[PDB]
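Trainee: These protein sequences, in sequence, are chains C and B.
1 is the number of the first residue of the first sequence in the entry's author numbering; add one for each residue after it.
Residue numbers for the second sequence, in the entry's author numbering: 2 to 413, 421 to 578, 587 to 1029.
Let me begin by handing over the structure; questions about it come next.
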Amino acid sequence: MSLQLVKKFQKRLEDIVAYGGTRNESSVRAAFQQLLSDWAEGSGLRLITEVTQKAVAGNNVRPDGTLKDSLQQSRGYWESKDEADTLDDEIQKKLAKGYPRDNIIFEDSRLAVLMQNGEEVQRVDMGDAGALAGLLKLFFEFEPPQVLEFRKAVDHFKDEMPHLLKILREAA
Amino acid sequence: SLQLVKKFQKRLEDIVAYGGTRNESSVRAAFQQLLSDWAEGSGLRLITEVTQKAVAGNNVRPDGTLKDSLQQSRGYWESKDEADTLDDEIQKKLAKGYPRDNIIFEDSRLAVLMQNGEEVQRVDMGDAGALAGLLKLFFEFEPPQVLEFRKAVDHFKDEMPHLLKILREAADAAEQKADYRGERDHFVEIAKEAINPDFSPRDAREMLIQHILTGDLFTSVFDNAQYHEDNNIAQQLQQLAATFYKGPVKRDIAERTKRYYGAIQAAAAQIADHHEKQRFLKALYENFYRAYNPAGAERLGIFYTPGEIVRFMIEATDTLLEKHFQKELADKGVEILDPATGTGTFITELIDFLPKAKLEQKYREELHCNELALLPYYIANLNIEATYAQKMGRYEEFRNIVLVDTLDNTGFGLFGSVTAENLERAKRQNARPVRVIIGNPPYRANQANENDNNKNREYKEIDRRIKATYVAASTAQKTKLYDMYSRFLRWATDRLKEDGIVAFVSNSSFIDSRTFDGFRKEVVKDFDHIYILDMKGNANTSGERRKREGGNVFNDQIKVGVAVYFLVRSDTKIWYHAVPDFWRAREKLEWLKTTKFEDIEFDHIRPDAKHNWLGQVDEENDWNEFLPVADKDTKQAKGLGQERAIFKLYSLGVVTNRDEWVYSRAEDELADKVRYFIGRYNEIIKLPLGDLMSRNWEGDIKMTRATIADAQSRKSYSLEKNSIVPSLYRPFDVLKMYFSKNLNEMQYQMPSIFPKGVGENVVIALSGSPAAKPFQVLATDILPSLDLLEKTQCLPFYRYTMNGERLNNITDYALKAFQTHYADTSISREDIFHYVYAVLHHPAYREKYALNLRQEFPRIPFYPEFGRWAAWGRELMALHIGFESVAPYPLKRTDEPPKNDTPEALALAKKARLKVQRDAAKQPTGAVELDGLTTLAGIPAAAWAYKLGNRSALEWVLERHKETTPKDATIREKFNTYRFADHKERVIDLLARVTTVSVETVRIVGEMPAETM
DNA sequence: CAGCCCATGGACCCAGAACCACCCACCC
DNA sequence: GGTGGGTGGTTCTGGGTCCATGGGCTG
DNA sequence: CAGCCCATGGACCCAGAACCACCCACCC
DNA sequence: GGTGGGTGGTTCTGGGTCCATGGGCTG
Ligand SMILES: C[S@@+](CC[C@H](N)C(=O)[O-])C[C@H]1O[C@@H](n2cnc3c(N)ncnc32)[C@H](O)[C@@H]1O
Ligand SMILES: [Ca+2]
Ligand SMILES: [Ca+2]
């Protein structure tokens, strides 16, 4: 993942605008769609594209792609724009319509913004492989606080098993 | 790949499982990735959601469009929801104008391809093998642009003669400028020491026309104008062209030549794959020479190797490299050299085989090649450089191509000094350690006719080494081992200094030829494993053999036999596999595509004592039974010890080298052709000595080696009137002939058989060795030609010594041996003669000892009766000795008037046809259509079985009475007078008389024993 | 005589909106 | 089975600025 | 040594022959 | 309206020669 996959995306973005003669989002999205999809396959998640979600307002909204788990539970989202728009301006309108913000990569072909827990965690340039590979690591690993607390309780056992084994040995 | 299809099948399952939605928008990503990843390997890219204006002005946006590197749509895709009837939804989209050229409509479970507005295939996406097949079709669809490109390449070939007229005129007008003449003269001198000792102005102007032609096409259809500015050779030749080709002169020839270049340029610009545009390179190569210098094309061997053969050898070389040397073609160290590049096919197909990670090093220092002609050099350098560019992505100059004579650059020197860089490349190549010498060497045994004055060049060193190795070990009278293919094989053996493989495609003569017996002894001593694959195809054959040989693996464009051979040097194991008989060219070429070297079941060949690899006599006969003649019995002086054969002297029929000038049906007509010949000859011997020696005369007469030598010695000729004699040219064809030593190239020992042409001798003429036609024997009382029967060898009954008498040629050794086996002193010489004749007509003898007869003089058995056989041979003899004095078999004559009463229909209706009327089962009906008016009928089926060669006796009297057009210009326009109308009545009688002869001999031969001794 | 007043007309471009194509939810 | 709505693309259409910079004054 | 004999296999091409396409004439 | 010539083009397909020229004699 990381370098290998991101560098293939950089070449694919170039092949799309070269063999297609279009820098339109609807055509250039395939590059980041396949980055997010192939990274997910390795992390036990899948990027399912165009999945309609409902907002608090009741407005149905369809992000470009959602990161679904094995139990059909959304864990992250993605929206691509073209290079011919202001990413920051499209961001307020998107979230105003009722877009999710728990874990969303808003991305134009040149800049990528990760918004986690409602705040912009990182803003990288897609030209820098290592930088993008860093942001995508945080996106694919962001976990809800439920699993964050379970993981912490597993660590508690690693220092509680000795104390527990004493009782069982005393009983044996 | 099936792996790609199998991943789609999994991706689809996960999308409906991890996502929970079967909506088309969500499930389409599985096929989008399949199409996109397949395309990334095929040089195309699936661009998604690209809008296309439909024919009805409306805009349609398919889910995906396959696009080429020139941003040109090559295919389309529209996914639907499984919750619909695909068939119904296809119609809706197609009615809104969705493209129907190459579209994959696809619901999640079923896929439909509509190529050319018609459903080519409908598959289920649960089957991986089926989807992979449907996808292959879609990804390999031939768009209209590539078909139009192919069509225009075919028009360019026929319009090449007219383009070369404009370019010739330009170069002719250039010799009016002193600057061009100066540069031209410097170039000729430079290339008289770099390319060929006899480089002439003609060769220089060909090179200039080639430069200007290639220049235009390389900038317009191949978009590599820089090639010339980076090519060392191109920069030495642009010096010559810069004198005249500039400004108005160039603008004028360009406006005229644009009418030929226009169509090809238009179509080629819409083609991205160089593997499609390399078909134009092949066409320029083969057609330029055919239109400009057909003669130089023969000496260079301008032909292209079909891709299937090239690919096969590259794969089979890798196989034997791993088997005997534990190396691969991609491994560093294996330096591959193509001694004759041509279009560069072998090197460009190696680039496509070698892995990308290793290609860089190989292209830079391990792939090498040589060329002699300029058009081939330029075409190869561009082909090689552009094939590398397509595979790698970057353009690098191939600095391993040399314009040098491979058979002269044996300085391992001024060879290759056209430019300074070319000389470096030549000296560097002659030091490189070459492991593999792959290639298709030029083949040319001899010039076709002496009048061509286009003999093969002499290569002192190679020729001297061939003489010491191949020729010295050959027990043949005629050596054809100075063929250009044999010269390129000697060079290869010597170039491989240590170990390696020489993989070549060449004439299959080496396998079986009386002349290549020395090669078949020397090759086993310099190579350890020899793997021959005979693809047959020899069309210089006739009869059932021609049908067996089949088509030529070179797209049926050459007539010689072809064999792909691999000679490895690590006893000698000779392996041989032959392609099946009665096959076609496409069948043979598809076999090379499908079969891999491992699958071929080669047969171990064990050379015999005469080094014959194929066609070995069965050593379980009593074949050591007498001998009709032996080279020693003929060369012996006296003594029965050295006289061990039935006959002493034997000769071959007179060969003239000018058959059309010395043979005619009428005595008076011959005399006129012969008078013209002697007439123009006597004017040739008056020319200046310079012109005499340089063979600079108008070639209206046929001057053979002998006549050329006498002319240069100023020896006059005259017409001896008593030299026009009767001669049996072909079976049953008694044409008149001028038997003079001055106008007949080789009379052999026929002066001693038929003294002065008119003598009294009866000869049993047989076939020679090796007979490619069935064994034939005919008795003649008139001088036979060398080609009455294949390589006719005449055995005479008498022998006329000089100032002497007819000494009986049947030896006394034979007389006694026959009067001893049969214990009958009555047996005479004029009885053994007839006995031998009947034995040589015995059907079981000709069948059992066939292989023996094909390779040796026919040894004769000692049949029990003698009397019965001698009688048969007497009856047989008389039938052929007096075939003009037999009883004409009654043949019904039917006559018909011309279609109309116009003078011109009568003309087109007294012209000969002489065709045997056959059936739908191709069996003689028993009727011959002599001309358009007369048709003979009533011929028995038996008469169609006396076959002298591949033709019946009757088919011989029809063939040799047809009005064929003379192949000599003068004879055709001044001495062609034969009209079947004049001889019609004669051929009618001859047919009936020969019908009797044939029907008699089928009976006489049929009453002979069913078994042979 | 160098500051100090007095004109006077300028070789585009980009946000609203319409509307369109396509597919998904939504009635029907 | 349309229908409206979500999303992205593709035409039209409408509608309008501060400020350079030569010349005449002018005390 | 030049002046006789003796071989020996040869880098295609092209005339019918369908068999179409188109369409005038000929029945139907 | 088919239907067979008339005319021209467009593919296959079948089927096959005399004679160069080195080497070995030879006297
Ligand atoms: C059959 S073509 C090469 C074929 C090549 N395999 C191809 O696929 O195009 C024979 C070529 O050998 C070349 N050649 C190179 N060196 C030669 C030489 N010394 N003598 C004769 N031809 C030579 C000729 O110019 C001619 O183009
Ligand atoms: Ca988007
Ligand atoms: Ca679709």
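For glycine and all other residues, C-beta sits at the position ideal for the given N, C-alpha and C.
(1) Below 8 Å, is the gap between the Cβ of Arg300/B and the nearest heavy atom of ligand 1?
(2) Can you name the start and end residues of the alpha helix (DSSP H) that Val1018/B belongs to?
(3) Checking contacts by CB at 9 Å: is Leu35/C closer than that to chain B?
(4) Since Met893/B is in the alpha helix (DSSP H), which residue starts that stretch and which ends it?
(5) Indicate whether at least one CB of chain C lies closer than 9 Å to the CB of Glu107/B.
(6) Only counting runs of 4 or more residues, tell me where the alpha helix (DSSP H) segments fall wholly within the segment 30-93 of chain C, in order along the chain.
(7) On the DSSP letters alone, give me the boundaries of the beta strand (DSSP E) that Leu782/B sits inside.
(8) I'd like to confirm something about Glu614/B: is its beta-carbon nearer than 8 Å to some heavy atom of ligand 3, or not?
(9) Taking a Cβ distance cut-off of 7 Å, strictly less, list which residues of the segment 5-18 of chain C are near chain B, in chain order.
(10) Buried or exposed for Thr950/B, please, with buried defined as at least 16 other CB atoms from any protein chain shown within 10 angstroms of its CB.
(11) Give a yes or no on whether 9 Å exceeds the smallest Cβ distance from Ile272/B to chain C.
(12) Under the three-state reduction of DSSP, which class applies to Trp972/B: helix, strand or coil?
(13) Which residues of chain B have a Cβ atom closer than 8 Å to the Cβ of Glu50/C, listed in chain order?
(14) Can you pull out the residues from the segment 55-76 of chain C whose beta carbon lies closer than 9 Å to at least one beta carbon of chain B?
(15) Under three-state DSSP, which class holds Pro914/B?
(16) Please state whether DSSP places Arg674/B in a helix, a strand or coil.
(17) How many whole angstroms separate the CB atoms of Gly784/B and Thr808/B, which I take to be in contact at a CB cut-off of 8 Å?
(18) Please state whether the Cβ-Cβ distance between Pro449/B and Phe512/B is less than 9 Å.
(19) Do the CB positions of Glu79/B and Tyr99/B come within less than 9 Å of each other?
(20) When the cut-off is 9 Å and only beta carbons count, does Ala84/B lie next to chain C?
(21) Which runs of the alpha helix (DSSP H) spanning at least 4 residues fall entirely within the segment 317-361 of chain B, listed in chain order?
(22) Please confirm whether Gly130/C has its beta-carbon closer than 9 Å to some beta-carbon of chain B.
(23) According to the Cβ coordinates, are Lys359/B and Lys328/B closer than 9 Å?
(24) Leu135/C to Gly130/B, Cα distance in whole Å?
(25) Thinking C-alpha only, which one of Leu605/B, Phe524/B, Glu207/B is nearest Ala296/B?
(26) From the beta carbon of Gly42/C, is the nearest beta carbon of chain B less than 9 Å away?
(27) Using CA coordinates, which residue listed in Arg169/B, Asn233/B, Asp180/B, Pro198/B is at the minimum distance from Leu209/B?
(28) With the cut-off set at 9 Å, would you say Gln871/B and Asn546/B are in Cβ contact?
(29) Can you list, in chain order, the residues of its chain with a C-beta nearer than 8 Å to that of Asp231/B? Leave out the 5 residues immediately preceding and following it.
(30) Any C-beta of chain C sitting closer than 9 Å to the C-beta of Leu408/B?
(31) Cβ of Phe304/B versus every heavy atom of ligand 1: is any distance shorter than 8 Å?
(32) Confirm, please, whether the CB-CB distance from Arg815/B to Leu665/B is below 9 Å.
(33) Using a Cβ-Cβ distance under 9 Å, would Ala358/B count as near chain C?
(34) Using DSSP with H/G/I as helix, E/B as strand and the rest coil, what is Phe562/B?
(35) Where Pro340/B and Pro307/B are concerned, what is the direct C-alpha to C-alpha distance, given to the nearest angstrom?
(36) Please determine, among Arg730/B, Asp684/B, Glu676/B, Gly669/B, the residue with the shortest C-alpha to C-alpha distance to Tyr697/B.
Mentor: In terms of the structure at hand:
(1) In the second sequence, counting from the first residue as 1, residue 300/B sits at position 299. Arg300/B Cβ: within cutoff of ligand 1.
(2) Position 1002 of the second sequence holds residue 1018/B. Here the alpha helix (DSSP H) through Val1018/B covers 996-1022.
(3) In the first sequence, counting from the first residue as 1, residue 35/C sits at position 35. It does not; no Cβ of chain B falls within 9 Å.
(4) Taking the first residue of the second sequence as position 1, residue 893/B is located at position 877. Counting along the chain, the alpha helix (DSSP H) containing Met893/B begins and ends at 883-897.
(5) Here the question's residue 107/B lines up with position 106 in the second sequence. No, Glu107/B does not count as interfacial toward chain C.
(6) DSSP assignment within the segment 30-93 of chain C yields no whole alpha helix (DSSP H) run of 4 residues or more.
(7) Within the second sequence, residue 782/B is the residue found at index 766, counting from 1. For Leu782/B, the enclosing beta strand (DSSP E) covers residues 779-782.
(8) Along the second sequence, read from residue 1 onward, the residue named residue 614/B stands at position 598. Exclusion of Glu614/B from the 8 Å shell around ligand 3 follows from its C-beta lying no nearer than that to any non-hydrogen atom of the ligand.
(9) Residues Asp15, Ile16.
(10) Working through the second sequence from its first residue, we reach residue 950/B at position 934. Classified as buried, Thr950/B has 16 or more neighbouring CB atoms from the shown chains inside 10 Å of its CB.
(11) In the second sequence, residue 272/B corresponds to position 271, counting from 1. Residue-level contact check: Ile272/B does not touch chain C, since none of the beta carbons of chain C fall below 9 Å from its beta carbon.
(12) For the purposes of this step, residue 972/B is taken as residue 956 along the second sequence, with counting starting at 1. For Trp972/B, the secondary structure class from DSSP, reduced to helix, strand or coil, is helix.
(13) Against the first sequence, residue 50/C aligns to sequence position 50. Those within 8 Å of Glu50/C in chain B are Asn24, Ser26, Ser27.
(14) Those would be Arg62, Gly65, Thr66, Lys68, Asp69, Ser70, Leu71, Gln72, in chain order.
(15) As a first step, residue 914/B must be located in the second sequence, where it is residue number 898. Reduced to three states, the DSSP call for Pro914/B is coil.
(16) Position 658 of the second sequence, counted from the start, is the residue given in the question as residue 674/B. Three-state result, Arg674/B: coil.
(17) Position 768 of the second sequence, counted from the first residue, corresponds to residue 784/B. Position 792 of the second sequence, counted from the first residue, corresponds to residue 808/B. About 7 Å separates the Cβ atoms of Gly784/B and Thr808/B, confirming a contact at the 8 Å cut-off.
(18) The residue labelled residue 449/B in the question sits at position 441 within the second sequence. The residue labelled residue 512/B in the question sits at position 504 within the second sequence. Result yes, Cβ atoms of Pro449/B and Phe512/B sit closer than 9 Å.
(19) Here residue 79/B refers to the residue found at position 78 of the second sequence. Here residue 99/B refers to the residue found at position 98 of the second sequence. It is a contact, given that the beta carbons lie within the stated cut-off.
(20) Counted from its first residue, the second sequence places residue 84/B at position 83. By the rule that beta-carbons nearer than 9 Å mark a contact, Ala84/B does not touch chain C.
(21) If only uninterrupted alpha helix (DSSP H) runs of at least 4 residues are considered, those enclosed by the segment 317-361 of chain B are 346-354.
(22) As a position in the first sequence, residue 130/C is number 130, starting the count at 1. By this cut-off, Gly130/C is not an interface position.
(23) For the purposes of this step, residue 359/B is taken as residue 358 along the second sequence, with counting starting at 1. For the purposes of this step, residue 328/B is taken as residue 327 along the second sequence, with counting starting at 1. Not closer than 9 Å, so no.
(24) Along the first sequence, one-based indexing puts residue 135/C at 135. Along the second sequence, one-based indexing puts residue 130/B at 129. Each residue's alpha carbon lies about 40 Å from the other.
(25) As a working mapping, residue 296/B is identified with position 295 in the second sequence. Answer by Cα proximity: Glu207/B.
(26) Along the first sequence, one-based indexing puts residue 42/C at 42. Between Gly42/C and chain B, the shortest Cβ-Cβ separation is not below 9 Å.
(27) Stepping through the second sequence from its first residue, residue 209/B is reached at position 208. Taking each of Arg169/B, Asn233/B, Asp180/B, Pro198/B in turn and checking the Cα distance to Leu209/B, the smallest one comes out for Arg169/B.
(28) Position 855 of the second sequence, counting from 1, holds the residue named residue 871/B. Position 538 of the second sequence, counting from 1, holds the residue named residue 546/B. Going by C-beta atoms, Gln871/B is not nearer than 9 Å to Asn546/B.
(29) As a working mapping, residue 231/B is identified with position 230 in the second sequence. Cβ neighbours of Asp231/B beyond the five flanking positions: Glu398.
(30) Along the second sequence, read from residue 1 onward, the residue named residue 408/B stands at position 407. For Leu408/B, the answer is no, since every Cβ of chain C falls outside 9 Å of its Cβ.
(31) On the second sequence, position 303 is the one that residue 304/B refers to. At least one heavy atom of ligand 1 is nearer than 8 Å to the Cβ of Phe304/B, so yes.
(32) On the second sequence, residue 665/B is found 649 positions in, with the first residue counted as 1. On the second sequence, residue 815/B is found 799 positions in, with the first residue counted as 1. The answer is yes: Cβ separation under 9 Å.
(33) Looking up residue 358/B in the second sequence gives position 357. Output row for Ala358/B: interface = no.
(34) Sequence index remark: in the second sequence, residue 562/B carries index 554 (1-based). Correct three-state label for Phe562/B: coil.
(35) The residue given as residue 340/B occupies position 339 in the second sequence. The residue given as residue 307/B occupies position 306 in the second sequence. One Cα belongs to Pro340/B, the other to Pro307/B, and the distance between them is close to 17 Å.
(36) Looking up residue 697/B in the second sequence gives position 681. Nearest to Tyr697/B by C-alpha distance, out of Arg730/B, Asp684/B, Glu676/B, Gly669/B, is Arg730/B.
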